[PDB]
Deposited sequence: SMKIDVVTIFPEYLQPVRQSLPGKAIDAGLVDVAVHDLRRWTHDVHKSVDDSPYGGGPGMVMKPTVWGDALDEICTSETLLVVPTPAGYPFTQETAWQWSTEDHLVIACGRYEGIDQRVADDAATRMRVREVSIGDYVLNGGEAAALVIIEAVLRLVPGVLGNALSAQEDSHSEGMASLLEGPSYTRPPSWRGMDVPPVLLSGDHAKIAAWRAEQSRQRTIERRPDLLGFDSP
């Protein structure tokens, strides 16, 4: 059983991933994904979630008082608090494997200017906190990153949801002047394995030379 709680000011962003979960998995108690509007924990008639940064500069910083109350309600001692941010440790396939065996993920989606740092510092005194970046680019908010993390983690949970892969082919054998490589039709399975290893080597050199050293 995995429980995922997402806290966002855009709860509608998450609805399609919730609906996509198979009934079988949910009915088997394998997974539960809940989405919470952060404004439920606001203090004021204006439902304020952010405020001007100390030390000045542009942008707004999300309020520690609101986030503090939300995580007090949603988190437990067992929780892994995930905070998507461009300033985070890299989220990789290794992370997704590690997190696929967690009982309770809480994903705190903020604006890219960020959540007051005391929220993560306070939470780390009573649970595990992971600030993570999904890649080498800035997003306006954590919601699109939350969708990537949920998908990367849940596809590794049974029943729920090195070199580059080389090119793939299916019927027909000739299409707009382009033939499927005839080795693939040869029935020499050792030779096909060697051909695919060479295609993966060439592709990795071209696209991701960092992966070879």
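No C-alpha positions are given for the deposited-sequence stretches 162-177, 230-233.
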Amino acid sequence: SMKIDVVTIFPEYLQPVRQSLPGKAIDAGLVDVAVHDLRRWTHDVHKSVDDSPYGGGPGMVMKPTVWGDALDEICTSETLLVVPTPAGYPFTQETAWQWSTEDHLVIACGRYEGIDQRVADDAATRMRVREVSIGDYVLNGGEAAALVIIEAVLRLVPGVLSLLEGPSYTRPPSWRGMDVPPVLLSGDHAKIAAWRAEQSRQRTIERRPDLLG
From here on, numbers count along this sequence of modelled residues.
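Stretches 180-188 and 23-31 differ in mean C-alpha B factor, with the higher average recorded for 23-31.
Higher mean CA B-factor, judged across 56-64 and 167-175 from the recorded values: 56-64. In this structure the maximum Cα B-factor among 121, 131, 116, 113 is found at 113. Per the PDB record, 160 has a higher Cα B-factor than any other of 160, 152, 49, 144.
Ranked by C-alpha B-factor against the other modelled residues of its chain, residue 156 falls in the middle third. Residue 77: CA B factor lies in the highest third for its chain, per the PDB record. When all modelled residues of the chain are sorted by CA temperature factor, residue 44 is found within the highest third. For residue 95, the recorded CA B-factor ranks within the lowest third of the chain. Only modelled residues enter the ranking. Ranked within its chain, residue 101 lands in the highest third, by CA B factor from the PDB record.
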